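Colleague: Residue numbers (the entry's author numbering), protein chains in the order written: chain k, 76 to 125; chain j, 7 to 83; chain b, 16 to 251; chain h, 28 to 74; chain g, 2 to 60; chain c, 1 to 269; chain a, 1 to 534.
In this text, a Cβ means the ideal position worked out from N, Cα and C, and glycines have one as well.
I have a structure I would like to understand better, so I am pasting it below and will then ask my questions one at a time.
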Amino acid sequence: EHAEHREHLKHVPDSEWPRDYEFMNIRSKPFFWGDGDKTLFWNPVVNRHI
Amino acid sequence: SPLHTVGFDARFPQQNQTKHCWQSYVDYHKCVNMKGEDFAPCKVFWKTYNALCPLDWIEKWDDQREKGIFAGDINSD
Amino acid sequence: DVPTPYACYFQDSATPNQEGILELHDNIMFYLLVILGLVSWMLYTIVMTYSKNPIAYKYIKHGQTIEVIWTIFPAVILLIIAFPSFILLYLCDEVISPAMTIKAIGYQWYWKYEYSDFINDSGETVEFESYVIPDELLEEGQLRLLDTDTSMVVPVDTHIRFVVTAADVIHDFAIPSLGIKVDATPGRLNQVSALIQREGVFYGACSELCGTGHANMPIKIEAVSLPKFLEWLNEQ
Amino acid sequence: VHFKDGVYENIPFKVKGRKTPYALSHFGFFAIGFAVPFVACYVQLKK
Amino acid sequence: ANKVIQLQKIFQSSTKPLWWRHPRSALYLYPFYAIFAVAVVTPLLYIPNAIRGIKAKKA
Amino acid sequence: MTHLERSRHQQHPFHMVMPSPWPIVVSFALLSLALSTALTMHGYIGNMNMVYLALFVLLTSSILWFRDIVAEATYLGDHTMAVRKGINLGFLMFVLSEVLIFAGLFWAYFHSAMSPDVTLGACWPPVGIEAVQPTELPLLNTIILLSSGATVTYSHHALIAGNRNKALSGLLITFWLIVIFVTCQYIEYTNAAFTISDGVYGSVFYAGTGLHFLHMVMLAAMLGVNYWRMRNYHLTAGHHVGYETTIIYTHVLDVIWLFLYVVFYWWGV
Amino acid sequence: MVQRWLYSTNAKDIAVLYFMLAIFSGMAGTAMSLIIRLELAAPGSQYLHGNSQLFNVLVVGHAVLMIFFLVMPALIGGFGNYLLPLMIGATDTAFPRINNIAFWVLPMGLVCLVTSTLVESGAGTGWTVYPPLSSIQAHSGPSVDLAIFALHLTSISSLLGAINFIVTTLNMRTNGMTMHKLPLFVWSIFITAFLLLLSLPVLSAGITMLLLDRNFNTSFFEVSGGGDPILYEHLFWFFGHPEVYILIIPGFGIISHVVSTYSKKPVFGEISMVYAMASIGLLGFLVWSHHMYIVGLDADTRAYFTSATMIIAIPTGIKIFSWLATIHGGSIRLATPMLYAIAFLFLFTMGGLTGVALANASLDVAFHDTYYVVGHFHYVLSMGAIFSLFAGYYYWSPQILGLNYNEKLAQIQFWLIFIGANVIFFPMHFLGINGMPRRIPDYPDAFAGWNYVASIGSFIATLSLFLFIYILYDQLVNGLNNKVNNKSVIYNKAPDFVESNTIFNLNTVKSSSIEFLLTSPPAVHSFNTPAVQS
Ligand code: HEA
Ligand code: HEA
Ligand SMILES: CCCCCCCCCCCCCCCC(=O)OC[C@H](COP(=O)(O)OCCN)OC(=O)CCCCCCCCCCCCCCC
Ligand SMILES: CCCCCCCCCCCCCCCC(=O)OC[C@H](COP(=O)(O)OCCN)OC(=O)CCCCCCCCCCCCCCC
Ligand SMILES: [Ca+2]
Ligand SMILES: [Cu+2]
Ligand SMILES: [Mg+2]
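What follows is the structure, encoded as structure tokens:
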């Protein structure tokens with residue numbers, strides 16, 4: 076059921092992702108792995124904010 | 007006026023007033039949309055959060071309310 | 016008010032808080048001096064008597080009488096000096112009807128006072144940053160690392176609530192003549208209450224590390240009379 | 028395991044059988060220990 | 002495979018150190034010494050660029 | 001025995017350990033790890049291969065130290081009753097240290113939860129973050145950890161009983177149980193609503209559960225080397241400290257997961 | 001010599017390695033303290049051209065060097081690893097390789113601390129590494145990360161030494177020794193190892209929280225994110241007061257031995273001394289928030305903490321009175337360890353009394369972050385740890401080296417460091433009670449007189465340090481010569497007042513501990529047959 080809900084949440088446009096709050100996903104510095112604004116276990120389907 | 011202020015609040019008797027200022031701000035914004043009939047009792051919380059909160063805090067909270075990012079229990083209903 | 020060269024005591028008090036902690040410090044220093052005199056006497060007469068003792072009484076080992084005596088003696092000394100500490104702590108923690116409230120929010124190497132209860136033209140809040148006067152712009156007479164650009168001026172003989180927080184790092188709001196020392200964490204506000212008993216000026220410094228601009232961050236409070244304070248407040 | 032034991036066998040440095048004087052090693056060790064902070068100051072005053 | 006008693010006789014009759022006593026010990030011990038020397042020479046070598054201020058070019 | 005034969009031996013139980021390079025090698029790898037990650041966190045190195053290399057050197061040096069200690073335990077016969085009592089007590093002290101690290105993490109969680117910050121909404125979890133549900137995936141996690149505890153005590157008692165095939169089967173089963181735990185935890189991290197940078201809730205939540213994650217992967221390595229030693233007959237029926245150490249590690253980590261579960265889920269929701 | 005020193009596995013060689021590194025880093029910490037005191041002699045930038053960042057960097061260098069690289073390695077590592085095997089009759093401590101890796105993880109704590117000072121701007125944060133001053137918005141660059149790794153590596157060293165010490169003094173005792181028949185130094189290292197084991201986890205947690213906040217965009221203490229900088233204060237001081245009792249309890253173990261052996265009568269109420277050390281170690285973990293009386297705790301919280309902090313004046317008072325009881329009625333042979341023990345007793349009572357005035361929640365409004373607290377802690381730290389260090393060195397050095405030190409030179413070294421340390425740290429109480437703030441490279445010019453007299457006395461203290469590092473040279477190159485002439489004191493205990501010199505010569509070592517009955521320099525594996533005791 077949760078995988079079905081995350082597949083439903085996959086087809087969400089970029090203006091339809093809600094208000095990321097002040098405390099949410101803060102970037103005090105870019106990360107040194109990959110390219111930047113992505114953590115280790117980063118799921119681009121669910122965790123989209125930046 | 008010759009030297010009046012908020013006074014002592016029995017709900018916040020300790021040293022730090024950080025939730026006192028926040029609760030006065032949230033109750034002033036909650037008196038507007040919910041009740042809206044008592045404009046001078048609304049200004050009691052206005053004078054309280056004005057006397058207790060820094061202006062940068064009030065500016066950031068006003069910006070977060072206007073952009074919807076504000077984390078307070080504000081139900082426009 | 017102002018620190019004095021080759022001083023050995025507190026600065027001159029200006030509030031019931033500072034003279035309370037001064038009387039408490041002397042009341043503690045009494046019993047600290049009796050046990051310093053006792054320890055130093057015992058040590059001195061012991062070495063000067065027994066550095067020329069040929070026979071050591073090597074069988075004095077347990078001695079329960081003086082053991083329970085010197086166990087119950089520092090307990091009653093601490094009880095004696097912990098009664099007035101409790102009285103002064105619960106006395107100075109009370110805030111009993113403040114007649115004023117001024118925020119002193121301390122940014123990265125300056126203070127910004129905010130007289131938010133009061134008016135500038137009509138109703139709007141008063142605020143000003145108080146930078147330290149630099150070394151190159153000192154005129155002859157002004158105290159180095161203590162004399163700021165604008166002083167927080169404040170009415171005398173009235174309860175003031177200081178609501179101090181910060182914006183970048185922890186900055187302490189410390190004035191030792193007014194006996195207040197409360198640091199400024201960026202998360203939370205912190206309140207203190209003080210009523211100033213005499214007019215004059217009171218210097219203080221940031222008593223918490225602030226980065227490179229730590230020393231040059233003073234706090235100049237000018238206790239003025241209520242008509243002259245009201246004139247200054249309407250003038251601001 | 029068996030190592031040699033004696034008056035000078037307990038220490039990592041060589042004091043007795045030496046080509047240089049020992050005072051060189053003894054005061055050079057504490058001298059570079061005292062000059063580490065001045066090298067730190069020289070770097071931070073260069074920058 | 003119960004090599005225990007044979008390995009006991011090997012490890013008790015051997016004037017080699019306790020990490021060289023197995024017959025397979027060179028097969029770990031030589032490339033590990035090479036990898037160790039590389040891994041403790043290199044971040045030491047990166048120190049003068051750190052105190053000089055020269056960050057790594059992103060190429 | 002006589003006197004000439006008692007003079008051929010140790011006269012004290014305790015282990016005279018031979019000189020060995022693994023302290024200085026592990027410590028040199030630890031310095032290289034610290035320096036490389038402090039120069040890779042700030043872009044003075046272009047990539048993470050140096051940190052990967054230093055982690056590999058630290059791991060293989062620790063592995064070689066453990067190879068020397070199982071050589072001294074099994075093949076040289078130095079581990080007598082006093083030395084076994086000593087290493088048992090030393091592992092118990094190290095496990096107490098890990099318990100206290102987790103108590104510091106619990107104090108962090110309880111501070112940020114019992115004093116809810118006004119920028120969060122004065123509510124725990126904060127506004128906008130939806131918490132991980134207790135009953136869905138961590139219920140499966142806690143019941144497979146409790147069954148892992150039951151399986152290690154079964155297999156340890158089967159080892160003391162003399163039964164070889166029950167002990168090896170039980171140890172293999174609990175090994176695959178705790179790597180099923182690590183896999184379910186990684187799946188939980190993969191499909192989760194929030195990040196480690198998502199405020200103090202994501203901060204202290206992923207700190208506590210990622211610390212338990214790393215201790216469970218350490219337990220996986222320990223159960224693996226214990227299974228290898230029990231397969232290749234290193235453990236005896238009465239003389240075994242690696243297995244006692246690994247089962248008391250398993251029960252300590254199980255109680256730590258129980259506290260983490262009930263706090264972070266049945267009170268944080 | 002590659003085996004014996006690099007791949008070392010006996011506690012004595014590791015102990016002398018601990019001591020060589022300890023006195024090296026103590027020399028460096030004293031150099032940073034001299035630059036602090038030399039810039040702090042007059043108002044205005046004197047030697048550092050402005051540059052308050054460099055002053056704060058040297059302050060954390062002197063602080064973390066003298067604490068985590070001098071006092072802990074010397075007292076814990078060197079003296080514990082030399083005597084905790086010996087005084088209980090242990091052959092060689094259990095887990096010798098962990099005992100080797102603790103020492104060998106120390107000097108890269110030194111290396112990465114030195115390069116933290118060298119890199120981009122230096123950690124300018126205090127020895128308390130408080131955020132947001134220590135976080136990435138105030139301190140960029142990798143310097144605070146390397147200081148955090150220095151604290152991590154020395155935490156690893158201290159915790160591993162604690163585990164090795166605990167199972168050694170529990171399991172590896174000799175056959176006659178009950179726990180109640182253990183010496184006081186062994187009990188002291190025991191209790192300190194328990195405090196290390198119960199303190200260093202919380203510190204490593206808080207410091208890795210700080211490193212995670214700096215580099216991985218997480219927010220444990222960042223306010224923009226909801227964090228509390230008071231949480232780091234809580235965690236650091238929950239480590240930090242048990243740390244200062246960790247630093248002081250080996251002094252309480254050394255001074256008891258030297259006082260009983262130069263007083264020629266045993267310690268007064270030895271089980272009471274063990275109980276008072278245990279009560280201090282239990283009461284340490286309960287008083288950690290007297291270091292933050294200013295942040296705005298509740299009045300009930302501070303009223304609890306002033307009582308709990310004052311409570312430690314009772315067992316420390318028990319010990320400082322039992323020492324006077326051990327000395328009272330003896331035959332005081334005033335050598336250098338007895339001189340350092342007497343001066344430790346007096347100046348430690350002074351520092352603890354300034355601390356007990358500091359324990360009040362209402363007085364710490366007047367005293368926090370002033371120079372009064374540095375009067376308190378430099379009295380208890382400098383005298384109580386360094387005078388204990390010098391007493392233990394001058395006490396155990398000719399036994400564990402076989403080389404006698406010059407005694408006149410050692411006594412002028414004591415008198416120089418005593419009047420030098422008094423002349424520096426006594427005006428700090430005046431500076432604090434007049435309101436001079438802490439960690440400032442510059443001050444209002446009203447503090448200049450007491451800053452000048454303390455800056456004078458720092459040169460007396462460091463001149464006594466240089467005389468000590470010449471005394472080490474003289475002991476090293478003229479040990480046997482100082483034995484054979486009358487420049488040194490051969491027998492620490494005289495004959496009693498009936499005993500003939502011949503009857504003394506048949507029984508020359510009258511010690512209540514095994515260490516003095518070992519040979520000059522003790523054998524590389526002594527205690528072949530385990531030492532028996534009734
Ligand atoms: C071990 C602890 C220790 C010791 C011994 C000292 C000793 C000295 N310290 Fe300091 N100091 C600290 C730990 C210590 N200090 C800490 C923790 C801080 C707080 C930092 C902060 O707040 O940010 C501090 C801060 C501090 C300040 C306050 C700075 C400020 O807040 O602005 C000053 C100012 O004078 C100072 C200078 C000195 C001087 C001149 C000595 C002199 O006494 C030097 C003379 C000492 C010796 C000569 C020691 C002997 C040398 C040895 C090597 C031992 C030999 C014995 C054996 C080897 C057995 N240090
Ligand atoms: C050597 C380590 C050491 C020891 C043993 C102590 C011992 C004590 N300390 Fe201290 N302290 C520090 C190291 C130490 N301290 C450090 C490093 C700091 C600063 C940290 C920083 O800011 O960075 C500090 C700061 C510090 C503070 C924080 C103040 C502030 O900064 O705001 C306080 C407050 O309670 C305190 C009090 C005490 C007390 C009550 C004792 C007691 O244990 C002392 C008890 C002893 C006696 C009282 C004397 C002996 C007893 C008798 C003779 C019996 C008679 C006595 C009575 C009846 C009272 N000290
Ligand atoms: C610095 C000068 C180097 C001179 C080398 C010249 C070589 C030519 C030959 C000369 C003779 C041989 C020299 C080798 C021997 C040598 O000196 O030991 C060299 C070592 C360092 O060696 P290194 O790695 O720097 O050497 C590089 C090339 N191999 O010195 C030292 O530990 C100095 C230590 C100073 C003394 C410390 C005093 C403290 C001890 C107290 C102990 C008491 C404990 C009591 C309490 C627990
Ligand atoms: C509050 C007072 C204590 C202050 C703190 C203690 C002092 C610290 C220094 C102590 C050094 C000497 C101790 C060792 C001596 C020893 O060991 O003596 C050993 C003797 C042995 O006695 P015995 O043979 O009869 O019994 C043997 C079987 N137990 O016991 C005594 O002599 C007891 C002495 C009693 C002291 C009573 C003090 C009365 C005055 C109290 C204060 C009044 C203030 C009034 C002001 C005007
Ligand atoms: Ca100056
Ligand atoms: Cu403390
Ligand atoms: Mg402070």
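Note down, in chain order, all residues in the region 58-71 of chain c with a beta-carbon under 8 Å from any beta-carbon belonging to chain g.
Modeller: Answer set for the region 58-71 of chain c: 60, 61, 64, 67, 68, 71.
Colleague: Using beta carbons (cut-off 8 Å, strictly below), is residue 38 of chain g in contact with chain a?
Modeller: It does not; no Cβ of chain a falls within 8 Å.
Colleague: Let me check understanding here. Comparing Cα to Cα, which of a:395, a:380, a:300, a:284 lies closest to residue 426 of chain a?
Modeller: The candidate whose alpha carbon is nearest that of residue 426 of chain a is a:380.
Colleague: Among a:100, a:169, a:503, whose alpha-carbon lies nearest the alpha-carbon of residue 156 of chain a?
Modeller: It is a:100.
Colleague: Counting only the same chain and skipping the five closest in sequence on each side, list residues whose C-beta sits under 6 Å from that of residue 125 of chain k.
Modeller: Counting only Cβ-Cβ distances below 6 Å, and skipping sequence neighbours, we find 112.
Colleague: Sorted by chain position, which residues of the same chain lie with C-beta nearer than 8 Å to residue 184 of chain c's C-beta, five sequence neighbours on each side aside?
Modeller: Around residue 184 of chain c: 137, 140, 141, 144.
Colleague: To which residues of the same chain is residue 274 of chain a closer than 6 Å at the C-beta, ignoring the five residues directly before and after it?
Modeller: Result list for residue 274 of chain a: 187, in chain order.
Colleague: With residue 232 of chain a as the anchor, note down where its beta strand (DSSP E) starts and where it stops.
Modeller: Looking at the DSSP string, residue 232 of chain a is not in any beta strand (DSSP E); the run it does join, the alpha helix (DSSP H), is 229-263.
Colleague: Hey, is residue 29 of chain j's beta-carbon within less than 8 Å of any beta-carbon in chain a?
Modeller: Closer than 8 Å: no.
Colleague: Along the region 93-123 of chain k, what residues have a CB closer than 7 Å to any CB found in chain j?
Modeller: Listed by position, the residues of the region 93-123 of chain k near chain j (Cβ gap below 7 Å) are 94, 96, 97.
Colleague: Would the beta-carbon of residue 15 of chain a fall within 8 Å of that of residue 61 of chain a?
Modeller: No, Cβ-Cβ distance for residue 15 of chain a and residue 61 of chain a is not below 8 Å.
Colleague: Helix, strand or coil: how does DSSP classify residue 128 of chain c here?
Modeller: It is coil, neither helix nor strand.
Colleague: Under 8 Å, do residue 172 of chain a and residue 90 of chain a count as touching if we go by C-beta distance?
Modeller: Closer than 8 Å, so yes.
Colleague: Report yes or no: is there a C-beta of chain a within less than 8 Å of the C-beta of residue 56 of chain j?
Modeller: For residue 56 of chain j, the answer is no, since every Cβ of chain a falls outside 8 Å of its Cβ.
Colleague: Any Cβ of chain g within less than 8 Å of the Cβ of residue 120 of chain a?
Modeller: Yes - at least one Cβ of chain g is within 8 Å of the one on residue 120 of chain a.
Colleague: Have a look at the DSSP bridge pairing and note the partners of residue 168 of chain b.
Modeller: Answer by DSSP bridge pairing, in chain order: b:237.
Colleague: Which residues mark the beginning and the end of the beta strand (DSSP E) in which residue 144 of chain b is found?
Modeller: Where residue 144 of chain b is concerned, the enclosing beta strand (DSSP E) stretches over 141-145.
Colleague: For the alpha helix (DSSP H) holding residue 151 of chain c, just list the boundary residues, first then last.
Modeller: Looking at the DSSP string, the run of the alpha helix (DSSP H) that includes residue 151 of chain c is 137-161.
Colleague: Compare the Cα-Cα distances from residue 34 of chain a to each of a:351, a:482, a:461 and report the closest residue.
Modeller: For the residues a:351, a:482, a:461, the minimum Cα distance to residue 34 of chain a belongs to a:461.
Colleague: Quick one: grab the DSSP three-state call for residue 188 of chain b.
Modeller: The answer is strand: DSSP assigns residue 188 of chain b an E or B state.
Colleague: Is residue 442 of chain a close to chain j, meaning its C-beta is less than 8 Å from at least one C-beta of that chain?
Modeller: For residue 442 of chain a, the answer is no, since every Cβ of chain j falls outside 8 Å of its Cβ.
Colleague: On the CB-based measure, 16 or more other CB atoms within 10 Å of its CB, does residue 28 of chain h come out buried or exposed?
Modeller: So residue 28 of chain h ends up on the exposed side.
Colleague: Could you tell me whether the Cβ of residue 93 of chain a comes closer than 8 Å to any Cβ of chain h?
Modeller: No, residue 93 of chain a does not count as interfacial toward chain h.
Colleague: If you reduce the DSSP assignment to three classes, tell me which class residue 129 of chain a lands in.
Modeller: DSSP places residue 129 of chain a in coil when its eight states are reduced to three.
Colleague: For the region 101-130 of chain c, list every residue whose C-beta sits within 9 Å of some C-beta in chain k, in sequence order.
Modeller: For the region 101-130 of chain c, which is checked against every Cβ of chain k, the residues closer than 9 Å are 117, 119, 120, 121, 126, 127, 128, 129.
Colleague: Is the separation between the beta-carbon of residue 397 of chain a and that of residue 475 of chain a shorter than 8 Å?
Modeller: Yes; because the gap between Cβ atoms is below 8 Å, this pair is in contact.
Colleague: Taking C-alpha atoms, which residue in c:117, c:91, c:9 lies nearest to residue 252 of chain c?
Modeller: When each option's Cα is compared against that of residue 252 of chain c, the closest is c:91.
Colleague: At which residues does the alpha helix (DSSP H) containing residue 206 of chain b begin and terminate?
Modeller: Run containing residue 206 of chain b: none in the alpha helix (DSSP H); it sits in the beta strand (DSSP E), 205-210.
Colleague: Give me the Cβ distance between residue 209 of chain b and residue 32 of chain b, rounded to the nearest whole Å; I'm assuming they're in contact under 8 Å.
Modeller: Rounded, the Cβ-Cβ distance is 6 Å, consistent with contact.
Colleague: Could you check what DSSP says for residue 50 of chain b in three-state terms: helix, strand or coil?
Modeller: Helix, per DSSP.
Colleague: Mapping the DSSP letters down to three states, classify residue 200 of chain b as helix, strand or coil.
Modeller: Coil, per DSSP.
Colleague: Tell me whether residue 250 of chain a is buried or exposed, calling it buried when 16 or more other Cβ atoms sit within 10 Å of its Cβ.
Modeller: When all chains shown are included, residue 250 of chain a counts as buried.
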